[PDB]
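As structure tokens, one chain now follows by itself in the form deposited in one PDB entry.
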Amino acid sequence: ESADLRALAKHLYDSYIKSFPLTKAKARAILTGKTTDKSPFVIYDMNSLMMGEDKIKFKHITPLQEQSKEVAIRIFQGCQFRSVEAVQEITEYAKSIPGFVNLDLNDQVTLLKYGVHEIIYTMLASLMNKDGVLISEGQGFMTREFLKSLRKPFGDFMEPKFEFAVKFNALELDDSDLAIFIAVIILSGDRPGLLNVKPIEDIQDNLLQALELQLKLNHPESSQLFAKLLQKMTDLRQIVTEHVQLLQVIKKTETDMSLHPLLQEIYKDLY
């Protein structure tokens, strides 16, 4: 039944709603200017950032990290903290994908480890326009120009993500489309070191049918959107390998210590 596929789409939207407080629909209204209530703080330069360490921290001192050290470094570390948070959220959502928790425990672990980054860049696009990105739970907005202005290695971090987002966003996907897409990415039977490939493909098969039916009904006038969407999955992998290269350059060339243990042993045979 098509009814079951819609039931599955529906189940995935609701779990997505619970796992991810800042949804695309909310982020876009923020990025535009709907129901004017509490406009976000704008970080457009080194000075406004300084002025802003005490606009997302000073209220009560519970930050992503302390002061001092280069601004490029501080932003880097703040994004470390932020990604481990994104990961817990993605992990929670994953357990709500039917069949996922019943997979071999270590295949769960492998799936998450290779899948999380592609889900971050997909979902970070919902938070982006062509001019910058919502941060601090939609409380701030950091310009693409400022990120790009940071000294050499760190100024190149974000541009590729911005470039992906602009084009991905032109697809006009809504959270109900993204909910199933994110689930398709998780369940990829081609990740390195997976034990049982077939049960993962059997799940991704059902989520592919659901994704297809979703897009046909929700986006009838977008000829071959399903296909276009699956092709973006190769774009995502590129953004990831490229982000992984740059992290390897940073860690080999820089002089700043003590980092987030999460993706530290996860630096072992990645993308």
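Each residue number is its position in the shown sequence, starting from 1. Between two forms, the rigid core is the largest collection of C-alphas that superpose within 1.5 Å.
Please check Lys59 against the other PDB entries of this protein that were compared: is it missing in at least a third of those that model both its neighbours? Per the records, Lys59 goes unmodelled in at least a third of the other entries.
Averaging the C-alpha B factors as listed in the entry, name the stretch that ends up higher: 142 to 150 or 179 to 187. The stretch with the larger mean CA B-factor is 142 to 150.
Per the entry, where is the mean C-alpha temperature factor higher: 119 to 127 or 89 to 97? So the stretch with the higher mean C-alpha B-factor is 89 to 97.
From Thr62, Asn206, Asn218, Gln238, residue of greatest CA B-factor: Each of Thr62, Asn206, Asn218, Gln238 was compared by C-alpha B-factor; the highest is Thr62.
By the record's CA B-factor, is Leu12 among the lowest, middle or highest third of residues in the chain? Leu12: CA B-factor falls in the lowest third of its chain.
Lowest, middle or highest third: which one holds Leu195 when the chain's residues are ordered by CA B-factor from the entry? Highest third - that is where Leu195 ends up once the chain's C-alpha B-factors are sorted.
Name the third of the chain's ranked CA B-factors that contains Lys228, choosing lowest, middle or highest. Lowest third of the chain for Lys228's C-alpha B-factor.
Sorting by Cα B-factor within the chain, modelled residues only, which third would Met158 end up in: lowest, middle or highest? Within its chain, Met158 is a middle-third residue by C-alpha B-factor, going by the deposited values.
In terms of the chain's CA B-factor thirds, is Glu201 lowest, middle or highest? It falls in the bottom third of the chain.
This protein has a second form, the form deposited in another entry, left out of what is shown; the following refers to that one.
Taking only shifts of 2 Å or more in Cα after a rigid core superposition between the shown form and the other one, tell me which of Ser83, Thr143, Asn196, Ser188 qualifies. It is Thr143; the other listed residues stay below 2 Å.
Please say whether, between the shown form and the other one, the C-alpha of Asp156 moves by 2 Å or more once the core is aligned. The answer is yes; the displacement is at least 2 Å.
Post core alignment: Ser48 C-alpha displaced by 2 Å or more between the shown form and the other one: Superposed on the core, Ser48 moves its C-alpha 2 Å or more between the shown form and the other one.
Answer yes if the Cα of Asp14 shifts by 2 angstroms or more between the shown form and the other one on a rigid-core superposition, and no otherwise. Shift of 2 Å or more: no.
Distance trend in the other entry - C-alpha atoms of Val240 and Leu262, change of 3 Å or more: Distance between the C-alphas of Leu262 and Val240: longer in the other entry, by 3 Å or more.
Mind checking the CA-CA distance of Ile186 and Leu259 in the other entry? It differs by 3 Å or more from this form, so is it closer or farther? They are farther apart; the C-alpha distance rises by 3 Å or more in the other entry.
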